[PDB]
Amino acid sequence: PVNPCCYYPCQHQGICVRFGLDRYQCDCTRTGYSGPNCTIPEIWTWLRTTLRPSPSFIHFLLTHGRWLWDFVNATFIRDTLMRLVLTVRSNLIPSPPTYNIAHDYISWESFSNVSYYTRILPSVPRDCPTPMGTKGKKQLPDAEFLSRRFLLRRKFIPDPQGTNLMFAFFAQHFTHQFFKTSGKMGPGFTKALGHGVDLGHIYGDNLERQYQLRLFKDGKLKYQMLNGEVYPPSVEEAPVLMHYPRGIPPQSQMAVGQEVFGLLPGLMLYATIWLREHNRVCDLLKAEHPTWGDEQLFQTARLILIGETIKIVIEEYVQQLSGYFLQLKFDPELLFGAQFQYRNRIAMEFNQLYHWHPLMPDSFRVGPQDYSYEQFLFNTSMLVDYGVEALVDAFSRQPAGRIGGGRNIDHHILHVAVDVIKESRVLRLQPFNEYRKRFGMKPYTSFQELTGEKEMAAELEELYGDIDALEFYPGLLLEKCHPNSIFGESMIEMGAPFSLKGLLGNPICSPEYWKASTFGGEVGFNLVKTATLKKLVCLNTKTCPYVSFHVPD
């Protein structure tokens, strides 16, 4: 009595429920389809799919015809296409979340419990013949061998788009505020209950820790003065839990919101940048409101930083990644006339695919000197030895590593790539083609169609056996890319939805929160509308270095 739902019968986001001893049914409610499987099109959906261009065809448009986009950008079409990218990508990702590691069905414990990582698709029944449902071999390839043959870096393959390490560290820094898989509770759980841009990696992840980081005067945060410059406080001044190595001295270890940030001068660099940005905002709010107290000056400055984050993440961060000629625009008012939920729940496949370790180089250049992985990791003095302005100049002048296609993952951080595929099997993620179906994409018929070449494709036909049994994480990294893209179709087509929901799904974007008084007048509401990666750095420094998400070139 083989579980009928192991064949993934339900198509187009159909929920498969089990009936009787060996029966089943598919709920085709509002999926645009009917019938036993939700395959037979409705009158309107049939017309919509017939006039639907391939995802790659629309990517070609958004990456070609400069002249056309010089016009579109300077017209109201920048909003007709922006709102279209927003609503359409983010549709109904389910909102309110739908599953988690413990449940493969809509439940109140899944919507109420935040300590869970939601999941767009259910897991593969523990009662299914093969590990990935019905297709593939009885055993899946060795995680270590997959990383030493298809993910291991031989020669450095830079990003064709020019992306630099300044972007690489902004990604790891801004992404770790909603990715805190908890050791204790194990995989499928998170410590960052913000599940979005709550700047928990600056103040969070909890309140008890927040106060320890706050100076409690002028709504500022405690700090430390080294070489007449501003950095985070020493753990002595502000005693909070940090995952520093050793050992070490307490006087030389800075404290922030997100831990494991002291294990990289890059993450502590942005911890210093946003720190000076918070206190600077408190100086602007104190002058405007002498009557305001400590609590209001802080919690207000926090909303101002959260606004500057999304502003730089859309109009800058995704603009370098995207490579499009369409100027991405952060304007919450685009979905003010749309049926949109201002809620967000971090998925386990968003945490899964966001492991962009290929971005890390072979080493780390800093002007004349060159530090290796051994000299750069767990560095305590490097941050204060070079300063902020001199360091931001180095990262912006060094290219990062291409994420898609492979094989481009340094041998140092490859142990994470294996702990990601290992965590994939623990969560029991579905195959690669099943997720392709979920994000409006046609499944690959062969391994050669995935990589675009015969050599690895054949080396995979031996391991997995079937294409419908290919793993999720390995599928994204081994997929070929468009001519000068940073990663495969699937990384774009699956990642775009998740991030767009989480940005505009933020409370501040809603009609209730997107006022001028919410940021303490027009002064604070302008800082958000003019937020730039260049002003986030230079305004807090003395000298103005080279700051960008792409190398000079």
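In this text, rigid core is short for the largest set of C-alphas that superpose within 1.5 Å between two forms. The first residue of the shown sequence is 1; numbering continues from there.
For 246 to 254 versus 395 to 403, the mean Cα distance to the shown form in 4 other deposited structures of this protein after rigid core alignment is larger for 246 to 254. With every structure aligned by its rigid core, 479 to 487 is the stretch of 479 to 487 and 433 to 441 whose CA positions lie farther away in 4 other deposited structures of this protein. Higher mean CA temperature factor between 298 to 306 and 247 to 255: 247 to 255, per the PDB entry. Relative to one another, 333 to 341 and 450 to 458 have unequal mean CA B-factors, and 450 to 458 is the one with the higher figure. Considering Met166, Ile413, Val114, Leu221 together, the PDB entry gives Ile413 the largest C-alpha B factor. Of the candidates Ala390, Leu81, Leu199, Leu121, the PDB record gives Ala390 the highest C-alpha temperature factor.
Per the deposited record, the Cα B-factor of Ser56 falls in the highest third when ranked against the other modelled residues of its chain. Ranked against the other modelled residues of its chain, the C-alpha B-factor of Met491 as given in the entry falls in the lowest third. Per the PDB record, residue ranking by Cα B-factor puts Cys538 in the highest third of the chain. The entry lists a Cα temperature factor for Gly20 that places it in the highest third of the chain's modelled residues. Looking at the C-alpha B-factors along this chain, the one for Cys544 belongs to the highest third.
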